[PDB]
Ligand SMILES: CS(=O)(=O)c1ccccc1-c1ccc(NC(=O)c2cc(C(F)(F)F)nn2-c2cccc(CN)c2)c(F)c1
Ligand SMILES: [Ca+2]
């Protein structure tokens with residue numbers, strides 16, 4: 009997160025950290041056994057870390073659970089980043105509490121202007137790289153599709169939306185990928201991609217979760 013603020017220990021209870029000897033992506037807990045992340049975050053040997061704040065120090069509320077299965081959307085295209093969503097099943101259910109909770113799936117899509125909370129342990133610099141120890145937050149609005157497509161001619165599909173600031177300075181960045189975009193208590197997006205970070209006229213692009221609600225539910229029901 010570039011130009012954001014320190015969330016505060018466990019203030020984003022649904023935020024998870026995907027770990028493989030180091031933090032490489034974020035994710036969202038949608039129920040006791042399932043996490044939603046980005047398809048391009050996929051890899052083997054994934055350990056899901058819940059109830060995290062400072063990802064480098066054991067503080068007391070962490071729950072480390074191995075992924076028993078990772079389901080990348082069958083129509084995910086790595087060349088266009090279309091359908092950039094993945095479901096991860098935990099080996100055992102997580103113990104839900106005040107510091108570890110699930111986030112609700114949307115029942116309808118969000119509209120332009122809607123204010124959302126984006127979080128992650130991603131890079132905090134627009135120029136160069138420097139990762140934080142604690143979880144970072146950023147409040148950002150969903151932009152109109154016109155502005156989104158004007159910024160990224162020919163690269164925006166109906167399964168993506170832009171959110172952020174055209175003036176630059178505040179944006180999600182590498183390391184935030186797979187993380188949540190919550191609006192009015194609903195997970196509306198997944199950190200996917202963007203041209204650099206916090207760059208002018210280059211807002212972040214996010215996976216439009218509302219288009220995948222049926223797919224998600226039918227998939228977890230079958231696994
Ligand atoms: C495969 S294509 O290029 O032909 C391509 C083809 C078609 C559609 C989309 C892409 C595409 C473009 C840029 C990127 N690059 C990034 O998305 C990125 C870079 C960095 C850093 F290197 F740090 F500059 N961070 N970063 C990023 C990560 C998460 C969120 C956000 C948001 N602000 C940005 C990417 F992956 C995919
Ligand atoms: Ca920790």
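Residue numbers (our numbering): 9 to 231.
We put the CB at the ideal spot given by N, CA and C, even for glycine.
Kindly list the residues whose CB is nearer than 6 Å to the CB of residue i, restricted to its own chain and excluding five residues on each side of it in sequence; keep chain order.
i: residue 181; result: 10, 130, 131, 205
i: residue 219; result: 167
i: residue 154; result: none
i: residue 134; result: 10, 205, 206
i: residue 23; result: 127
Within its chain, find whatever has a CB closer than 7 Å to the CB of residue i; leave out the 5 residues flanking it on each side and keep chain order.
i: residue 158; result: none
i: residue 186; result: 26, 33, 34, 35, 45, 46, 49, 198, 199
i: residue 15; result: 127, 143, 144, 145
i: residue 107; result: 18, 21, 59, 69
i: residue 120; result: 150, 151, 152
i: residue 137; result: 131
Do the CB positions of residue i and residue j come within less than 8 Å of each other?
i: residue 183; j: residue 207; result: no
i: residue 151; j: residue 211; result: yes
i: residue 174; j: residue 111; result: no
i: residue 63; j: residue 141; result: yes
i: residue 124; j: residue 148; result: yes
i: residue 117; j: residue 225; result: no
i: residue 67; j: residue 57; result: no
i: residue 170; j: residue 156; result: yes
i: residue 202; j: residue 213; result: yes
Mind checking whether the beta-carbon of residue i lies closer than 7 Å to any heavy atom of ligand 1?
i: residue 64; result: no
i: residue 201; result: yes
i: residue 136; result: no
i: residue 212; result: yes
i: residue 181; result: yes
i: residue 131; result: yes
i: residue 215; result: no
i: residue 87; result: yes
i: residue 41; result: no
i: residue 158; result: no
i: residue 193; result: no
i: residue 124; result: no
i: residue 127; result: no
Could you check whether the Cβ of residue i sits closer than 8 Å to any Cβ belonging to chain C?
i: residue 133; result: Protein chains in the displayed structure number just one, and chain C is not present.
Is residue i near ligand 2, going by C-beta to nearest heavy atom under 7 Å?
i: residue 153; result: no
i: residue 92; result: no
i: residue 61; result: yes
i: residue 175; result: no
Give every residue of the same chain whose Cβ lies closer than 8 Å to the Cβ of residue i, excluding the five residues on either side of it in the sequence, and list them in chain order.
i: residue 54; result: 26, 27, 28, 74, 75, 78, 96
i: residue 104; result: 40, 110
i: residue 139; result: 31, 129, 130, 131, 132, 183
At a threshold of 7 Å, does residue i count as lining ligand 3 (C-beta to nearest heavy atom)?
i: residue 36; result: With respect to ligand 3, the structure shown offers nothing to examine, as its ligands consist of ligand 1 and ligand 2.
> Quick check: the region 64-81 against the region 90-106, are there 3 or more CB pairs under 8 Å?
Replying inline: Touching, per the Cβ criterion.
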